[PDB]
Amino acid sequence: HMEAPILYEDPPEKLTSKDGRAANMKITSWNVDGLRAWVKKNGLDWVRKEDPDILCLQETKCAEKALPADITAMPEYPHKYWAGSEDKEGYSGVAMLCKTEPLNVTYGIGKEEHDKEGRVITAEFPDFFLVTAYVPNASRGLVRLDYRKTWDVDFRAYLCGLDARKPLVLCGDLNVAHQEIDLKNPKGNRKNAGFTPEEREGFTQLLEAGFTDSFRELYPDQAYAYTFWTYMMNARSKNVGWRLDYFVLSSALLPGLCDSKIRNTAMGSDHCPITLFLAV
């Protein structure tokens, strides 16, 4: 006897926006869990196959100085930004590789007590902001849940601030499976980092601040769609995972939303990449 595994097949790409336009922008987000290793595992090959206009990475865990030439020298993205690229904090680090240079790129969220770890890069474009983030994990024994609660409050404030100026796309590893449909075992994880009531509420509040979970908006009933699987116990081959990676959009960008895909087929990390298709 045994319980059968329920696999997920990402639907075909919808290349038409809500308001009828053709997709002309492609943004990919990927928690690479150690960029050096991800690169050796050929992650860049997949990136070239996806050929996104903007590539956002989380958990690079590599000081900018230690970045392999394979990625810093990529012709595809003449504008690369690295954060937390500190060797001393090898448990963070984010990056944004753009084909087009933004108006301005900032690091962190304007709160020095939060910006010591490279978790957020914000690129400003004429029409909107692109924010990629590696949210603080509540960690083992929830020993960092208090800080995570403060972070959610501050990060939300920061996002609402930006939203007041221009619409924005928030993407990355938000270290939270919003609802039960967002993870295989909600019962056994309610006291674990990523699925505590507090983290879930924080995300609910962010959405109620005027933002939308792109994937959930397009597929409100699609279960078993995850972006993370613990490397342990062949979890991925059984599709026993969590949906921790999102593309959250401010209301004004929904008309331009075409699709929000989960490339659960791309290997190289315990997270798979997610791709957003927009009409801008």
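So that there is no doubt, residue numbering starts at 1 and follows the sequence shown.
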- Query: Quick one: higher average CA temperature factor, 78-86 or 113-121?
  - Reply: 78-86
- Looking at the entry, does 244-252 or 65-73 show the higher mean C-alpha B-factor? 65-73
- Query: Of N234, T212, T227, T28, which one's C-alpha B factor is largest in the deposited record?
  - Reply: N234
- Hey, what third does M267 fall into on Cα B-factor, ranked over its chain? lowest
- Classify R148 as lowest, middle or highest third according to the C-alpha B-factor given in the PDB entry, relative to its own chain. middle
- Item | Chain third (lowest, middle, highest) by recorded CA B-factor, residue given as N42 | highest
- Item | Ranked against its chain, the third holding the CA B-factor of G161 | highest
- Task: Would you mind checking where the Cα B-factor of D173 ranks among the modelled residues of its chain, as the lowest, middle or highest third?
- Result: lowest
